[PDB]
Amino acid sequence: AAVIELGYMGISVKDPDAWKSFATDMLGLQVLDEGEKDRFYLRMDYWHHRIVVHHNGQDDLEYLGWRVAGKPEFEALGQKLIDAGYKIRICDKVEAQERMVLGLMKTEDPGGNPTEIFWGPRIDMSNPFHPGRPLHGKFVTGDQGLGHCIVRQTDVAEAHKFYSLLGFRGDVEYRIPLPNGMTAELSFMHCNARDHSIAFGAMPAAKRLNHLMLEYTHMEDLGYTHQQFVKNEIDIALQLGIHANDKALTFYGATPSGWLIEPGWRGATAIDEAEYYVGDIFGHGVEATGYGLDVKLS
Amino acid sequence: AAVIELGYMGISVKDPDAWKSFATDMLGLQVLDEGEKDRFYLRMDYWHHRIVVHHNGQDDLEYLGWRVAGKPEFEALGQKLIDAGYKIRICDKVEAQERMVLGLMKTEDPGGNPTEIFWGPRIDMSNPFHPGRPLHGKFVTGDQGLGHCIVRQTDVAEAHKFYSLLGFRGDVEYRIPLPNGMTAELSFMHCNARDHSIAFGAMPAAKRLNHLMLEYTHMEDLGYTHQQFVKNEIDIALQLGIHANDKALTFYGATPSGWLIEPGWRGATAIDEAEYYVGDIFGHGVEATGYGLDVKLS
Amino acid sequence: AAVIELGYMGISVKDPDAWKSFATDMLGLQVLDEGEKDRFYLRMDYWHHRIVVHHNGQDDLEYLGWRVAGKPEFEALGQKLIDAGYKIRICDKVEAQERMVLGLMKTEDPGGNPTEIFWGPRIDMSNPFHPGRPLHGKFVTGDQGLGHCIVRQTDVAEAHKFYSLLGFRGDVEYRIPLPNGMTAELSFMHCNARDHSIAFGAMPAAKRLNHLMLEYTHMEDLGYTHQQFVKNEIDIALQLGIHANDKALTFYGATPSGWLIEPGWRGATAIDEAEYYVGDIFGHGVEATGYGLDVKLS
Amino acid sequence: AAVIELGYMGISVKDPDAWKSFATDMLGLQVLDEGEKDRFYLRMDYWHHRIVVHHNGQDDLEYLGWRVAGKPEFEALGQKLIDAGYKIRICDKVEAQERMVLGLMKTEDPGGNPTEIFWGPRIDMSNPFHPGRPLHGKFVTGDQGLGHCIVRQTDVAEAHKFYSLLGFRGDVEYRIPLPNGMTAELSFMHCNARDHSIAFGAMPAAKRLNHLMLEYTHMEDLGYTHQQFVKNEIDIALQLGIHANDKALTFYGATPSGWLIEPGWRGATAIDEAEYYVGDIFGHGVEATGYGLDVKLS
Amino acid sequence: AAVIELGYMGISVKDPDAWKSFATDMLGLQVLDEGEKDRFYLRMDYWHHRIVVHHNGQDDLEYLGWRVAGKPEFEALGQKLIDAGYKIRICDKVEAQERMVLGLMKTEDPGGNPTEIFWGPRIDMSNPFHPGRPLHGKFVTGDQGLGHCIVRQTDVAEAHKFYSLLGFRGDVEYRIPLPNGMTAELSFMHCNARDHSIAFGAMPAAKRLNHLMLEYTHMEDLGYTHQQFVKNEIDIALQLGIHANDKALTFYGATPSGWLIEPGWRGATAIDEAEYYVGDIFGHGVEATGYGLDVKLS
Ligand SMILES: Oc1cccc(-c2ccccc2)c1O
Ligand SMILES: Oc1cccc(-c2ccccc2)c1O
Ligand SMILES: Oc1cccc(-c2ccccc2)c1O
Ligand SMILES: Oc1cccc(-c2ccccc2)c1O
Ligand SMILES: Oc1cccc(-c2ccccc2)c1O
Ligand SMILES: Oc1cccc(-c2ccccc2)c1O
Ligand SMILES: Oc1cccc(-c2ccccc2)c1O
Ligand SMILES: Oc1cccc(-c2ccccc2)c1O
Ligand SMILES: Oc1cccc(-c2ccccc2)c1O
Ligand SMILES: Oc1cccc(-c2ccccc2)c1O
Ligand SMILES: Oc1cccc(-c2ccccc2)c1O
Ligand SMILES: Oc1cccc(-c2ccccc2)c1O
Ligand SMILES: Oc1cccc(-c2ccccc2)c1O
Ligand SMILES: Oc1cccc(-c2ccccc2)c1O
Ligand SMILES: Oc1cccc(-c2ccccc2)c1O
Ligand SMILES: [Fe+2]
Ligand SMILES: [Fe+2]
Ligand SMILES: [Fe+2]
Ligand SMILES: [Fe+2]
Ligand SMILES: [Fe+2]
Ligand SMILES: [Mg+2]
Ligand SMILES: [Mg+2]
Ligand SMILES: [Mg+2]
Ligand SMILES: [Mg+2]
Ligand SMILES: [Mg+2]
């Protein structure tokens, strides 16, 4: 009984109009606006939505929504969290319906990141994904969930304890030499075939969210997205490259919210056997600075 | 009875030392030096060599070596060329041994590019390919030959006539809008599964050779090669991108000889059904100029 | 309309008893003795036989039996041979029944090797192969015929002309440096998926037959056969090794007749694209001399 | 929670220069020298290293490094060892960094063989394996670890108890008749798909290490390695052959340290169903003596 | 921890000479005679033997040998039997060596059938199976063990209890209408992929053994065996047919011992979901009577 994917996430923004154009044109996400005054939705697949975009916001993460298989796993995981001393709240029907899920609980991770556990997402099988721009392919979701995030943590061991309790596996996978003779350690945790769904280190961070990674089925879509960022003169924090752990081809670019999007292609299957690396396979060179990723990876 | 691959090529250079370091470090080719005063060899696979590098040169193409299956196809193709009015010379044993082939004929294509037809290459099965730097993978050769070239032509129809006679198929595949309201037409011809092995247009060219394309089995090797060009501050004429015909991910970078190398990955199978395009899938943006590829492809 | 396999061969021996023990114990062939005063048979598969062993012999080849698909190909190939000036004889029923074939013609190759062309071999489907010793596996026959032979030739070009007319393809595949500064050229020809079925050079030879190659399905059988030759102190002319053309693991050992047997495993598919080599992949070192294979291959 | 592969090993040598030439030329291993005064590394794959070669040594094993999946399995296995009465030491960070692992513990097996248990090896994905000589293929590592060793034991039952506790399975697989009417019993244990990773008997042994087996992906590399040993007149203790348990084609040759290397090809998958044999499939005949393997296997 | 196959069986006979000719000629088994005064062996595969044939016998079963995976399963199953009140004896080394196994225990089933449990059979990988007559194929053994037996039982529920404890699964699969208005119930139990390895009912039986089933890989071998029984005028108790449970094509014929052999082909995989039938798919008509199988199956 455990978390099985990153199901949805909630973000808040100061400029919904910018975000709509960004999501559709720069990424190929689908905008779904249900006429609600304070929010709209982004789709990737048959799910009613993967991302909720709240208005009047802080340009940061609002919540991560972690899926469990069904009510039995929901109830068991709640009691597990309670038993280990974590503070959780089981939500009422109104709150569950807000997220469009059958069961919902709210807590916060050890870093203060608002964390939701749910079962029973709404799937709109009648409404196939229709991307915000023409795409050669689609997104990799399914058993691997929407993507992955790096979020702020103040205590890596406590964060690891919490995510392990949720059913994640993983540990330190990068030891990065720093220009001070020190080492930066990044830990990466998986809960399904996606090489990682959550990752973190002890680094001071101005925002809850460092970056969100979204994966294309097709290299042609990743390339065109890269071209869109360049044509539109959008900051690329780390250039195209291949991480040693997940082995995806990715780059990192600015969002209208100032945290990074990592569009990518060809992520490898998660492994339970822990390894570490001291650098990337190639690329991911620093280009734009001021984003929390001034580290040497190749 | 026809040409079946680009088997070898000969180039001449002014700086053999630069070329050795370039081939090994920037590309991962193997240098084989047989102690000959005026030449060395580059390997890609079990062939004794794919490229002959002659010293004291012109920094351009010396010859293209087109393979036929055996002596019967050799003899039939010679008589075909003679019958259609082309000037060929069947080489003696000494000349054949120079190229390390069992049978050899020399002619020139309609653009003045020295052209060789041969059967029976020397394979050193005892000496497996050992790349000039560590590689994740290897090169795509085999049935597809060493790679592809764009070479100078003065008359596209005459060039097409000549290569069709050799057993190639293909025609105009790109019509590129030019800043003058004119169109540039590029023709691409295949003789095996490699999407193309020879290509050309009517464009004035300072050299016989515009570019040579070499294909990696592994994207990781292409990325690292791209990183090598950037770290070494080598001119990139056209940035990373995907052509609409061959669908390979490639970039074009300078050689010590001033003509371009196109390192690449994931070329599609040649098709006999002619199509045309007016642009690339993404990328291949102009970066360095002065190389004969100032055209808008995306 | 062409030759499709080496179907059977006839040999003559001075010591049938030695040959029986040799075939069964050292090789795992099946001895079938039909009570004929002057001959016995060796089986490899469901064929009534692959090898006829005649008594009172010369310890050399008596005939090679080349199969065509049926009577139409038989009649067409006969007329082809006649038309090109070769002397053939179409055999009567008694002669055909001697070889246990439906149609039979006799001629000699340009080297004086008695050569038979036939259609319609006798298959004893009721009598499955039962090897002369326990085997892990069986023999590779089927579409590839019984194996391959190197036979004496006095004129390589004439031999090539003759076998090409029979439907074989191939040419010079080895150029072997000799301790005299000279080169030995060996030509290898295929008529099916077996990398070669006949091979030859211009070398003076005391016998029609240099060696016969037989292929095991299982490496374990080849190893045990190698062990049998060693335990029985049988001459090994060339030690274990891998030829660059066929890529089989083989060794060459003496027969009671003084010509060599080449037991082997893992032969590659024949290719129509001619290549040449100047040495083997590894091994095939000279051990026993006096056998016509004192050449340096690794 | 258990050992999952032989991850690394440490050896000490009197002649590092000999070992470098041996590793590269005779075996095709990669030498990696990090400029440390007292040691260098041998690579087989993307791991930073598989073998540590310490200078100023005893020409024997220094340690075997057994990998577990992650920290949870590490902690559970430590407590398991403690609970069963074994003496272990959990290493500090400096000691862990020495081995380039995330967690490290040291103990000794019942035979006095220094034994390490670790999680989190360093993988240099940026630095693909580059063999010390040209290779047709590569090494079999991955889920099967670096290879297998036979090490000295004084009490087979105690050794079995210890390795079973570490998660290995296996028992007596060979009962070898001895020229004294006695029987030699060898036990073989697996911890993954490699047929065995550790093996032993009660035999008096002058060294900790009897032999190390390394596996090639390609038979052509094994043959060429065999040829290298012969050309360089290196002692072969047991000739080419196929063991009945693992079914690999192997030979055993001397190292500069006097213990044996067993280069091999085509190892079968480990089975949990115990069988025994009284001899090999073929070969492995004694050639050079004085190495602890004077036993009759075929 | 459980029984995993019928590994060997022991029978005793009054006429060893008849049995040798029967095994080889009528069935294609291999006779292996180790020069022991009182016994010989029958082989089916790489096992030293599957059947021990004791002389001076009773023309009935002597023992069934049930394999477990290794010593741990051996020790656990012994204690399980003891704990449930069964009488077992763990054998000494001399007794274990008699059966050529690493560990051995003896007991009797609830019907008085001597029952052995063992681990570690002797495999003669060096001595491939060599059938007693030419065969098109071989036997189905491997994970499915040697075959299956129906043995006498006096209490079906007690027999079921005992075999369930050994790790078998299965129950009543046939309810056969009898000419008395009664029903015969036969129970069939599996311990691997073989549809059943042991089967029984409450029927009075003059012998321990009703029949032994042996399976050919090839239908051609089953047909030829059927032809051998007919040509030699050997009693066929039940004619060719297909049972509804195992779905093999089989017949039942007399042995020199008077109990039946069931040669067969194409047995289906065992299923854990219990079904029953009231008749066969076709055939298995009574021919010879006096054998304990006078029941109507089609
Ligand atoms: O420990 C784990 C915890 C959660 C999920 C996985 C997983 C990994 C790959 C594919 C499917 C599931 C896992 O290994
Ligand atoms: O998906 C990923 C895989 C490996 C490393 C990172 C990473 C890069 C820079 C800073 C923090 C993490 C990552 O995002
Ligand atoms: O503030 C911003 C920061 C980064 C990107 C955009 C953007 C939005 C839509 C389309 C293109 C770029 C933006 O507005
Ligand atoms: O017209 C043609 C001429 C020469 C080669 C090909 C070919 C294309 C793809 C794969 C193999 C051969 C071809 O189509
Ligand atoms: O391989 C290729 C595929 C498609 C186009 C080109 C090309 C690009 C620029 C100028 C000329 C040709 C090419 O090289
Ligand atoms: O003139 C030149 C032009 C382009 C590249 C190189 C180069 C050669 C070796 C290594 C790196 C770059 C060079 O010398
Ligand atoms: O030219 C040829 C003549 C005769 C047979 C083949 C052949 C080769 C491989 C597989 C099947 C037939 C062939 O190529
Ligand atoms: O099958 C074969 C493949 C390649 C070469 C030979 C050969 C070796 C020595 C002398 C003549 C031929 C051969 O038999
Ligand atoms: O003259 C001979 C030459 C070579 C081998 C044998 C031989 C025959 C049977 C069994 C073993 C060896 C032989 O007799
Ligand atoms: O008992 C065992 C203990 C450890 C590993 C294996 C294993 C065997 C084959 C393939 C994968 C794992 C095993 O069976
Ligand atoms: O890998 C192996 C498999 C089977 C036996 C041995 C062995 C041979 C001689 C002495 C000790 C063990 C071995 O190494
Ligand atoms: O003492 C030694 C024992 C065995 C082999 C070597 C050796 C080392 C390098 C290259 C070839 C052989 C050696 O030096
Ligand atoms: O309950 C069972 C007990 C023993 C074996 C099996 C089994 C059946 C089919 C294939 C493999 C094992 C089984 O199902
Ligand atoms: O394998 C088998 C499958 C189904 C039934 C029987 C059987 C037939 C007659 C009497 C007793 C059992 C059998 O042997
Ligand atoms: O008593 C007997 C009963 C049944 C069969 C045989 C027999 C033995 C060998 C060959 C053929 C039949 C026999 O002897
Ligand atoms: Fe990421
Ligand atoms: Fe190109
Ligand atoms: Fe040969
Ligand atoms: Fe070994
Ligand atoms: Fe049965
Ligand atoms: Mg991971
Ligand atoms: Mg084309
Ligand atoms: Mg050939
Ligand atoms: Mg084992
Ligand atoms: Mg059943």
Side-chain angles (χ1 to χ4, degrees), chain A residues 147-151 170 173-174 176 184-188 190 194-201 203 205 210-215 237-238 241-252 260-262 264 267-268 276-277 279-281 283-286 291-298, chain B residues 125, chain C residues 147-151 170 173-174 176 184-188 190 194-201 203 205 209-215 237-238 241-252 260-264 267-268 276-277 279-281 283-286 291-298, chain D residues 125:
Chain A
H148 78 241
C149 282
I150 291 194
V151 292
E173 290 177 359
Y174 264 71
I176 301 300
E185 288 190 340
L186 287 166
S187 299
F188 300 77
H190 59 263
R194 186 177 295 284
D195 173 82
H196 61 285
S197 288
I198 198 71
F200 41 79
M203 49 264 292
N210 175 263
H211 76 274
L212 160 73
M213 188 275 177
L214 304 172
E215 187 177 348
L238 301 173
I242 297 191
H243 288 308
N245 54 1
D246 61 66
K247 295 155 188 88
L249 182 61
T250 85
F251 74 102
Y252 298 65
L260 303 165
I261 192 78
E262 184 194 5
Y276 81 99
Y277 323 92
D280 291 2
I281 297 185
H284 290 141
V286 171
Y291 290 102
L293 298 182
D294 201 11
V295 294
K296 179 156 156 108
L297 297 169
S298 71
Chain B
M125 292 306 306
Chain C
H148 78 241
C149 282
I150 291 194
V151 292
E173 290 177 359
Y174 264 71
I176 301 300
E185 288 190 340
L186 287 166
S187 299
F188 300 77
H190 59 263
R194 186 177 295 284
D195 173 82
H196 61 285
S197 288
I198 198 71
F200 41 79
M203 49 264 292
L209 184 56
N210 175 263
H211 76 274
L212 160 73
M213 188 275 177
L214 304 172
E215 187 177 348
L238 301 173
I242 297 191
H243 288 308
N245 54 1
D246 61 66
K247 295 155 188 88
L249 182 61
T250 85
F251 74 102
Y252 298 65
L260 303 165
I261 192 78
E262 184 194 5
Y276 81 99
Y277 323 92
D280 291 2
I281 297 185
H284 290 141
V286 171
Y291 290 102
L293 298 182
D294 201 11
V295 294
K296 179 156 156 108
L297 297 169
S298 71
Chain D
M125 292 306 306

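Read the numbers this way: they start at 1 and go in the same order the structure lists the ligands and their atoms. So you know, we letter chains A, B, ... as the sequences are listed, proteins then strands, and number each from 1.
- For a distance bound of 2.8 Å, the N, O or S atoms of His196(C) include none lying that close to the Fe ion (ligand 18).
- Rounded to the nearest 0.5 angstrom, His211(A) NE2 and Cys149(A) SG are separated by 7.5 Å.
- In this structure, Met125(D) CE and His243(A) NE2 are separated by 13.5 Å, a value rounded to the nearest 0.5 Å.
- Of all N, O or S atoms in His148(C), the one lying closest to the Fe ion (ligand 18) is NE2.
- Listed for the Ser298(A) side chain is a donor-acceptor partner under 3.5 Å among the backbone atoms of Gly283(A).
- A side-chain donor-acceptor contact under 3.5 Å links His284(A) to the backbone of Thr250(A).
- Atoms CG and CD1, on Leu297(C) and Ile281(C) in that order, are 12.0 Å from each other to the nearest 0.5 Å.
- Looking at heavy atoms from C-beta onward, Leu186(A) lies in side-chain contact with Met203(A) at the 4.5 angstrom threshold.
- The aromatic rings of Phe188(C) and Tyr174(C) are tilted relative to each other, their planes meeting at an angle between 30° and 60°.
- Atom OE1 is the N/O/S atom of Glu262(C) found closest to the Fe ion (ligand 18).
- For ligand 8, the protein residues placed under 4.0 Å by at least one non-hydrogen atom are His148(C), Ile150(C), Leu186(C), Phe188(C), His196(C), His211(C), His243(C), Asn245(C), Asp246(C), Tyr252(C), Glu262(C), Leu293(C).
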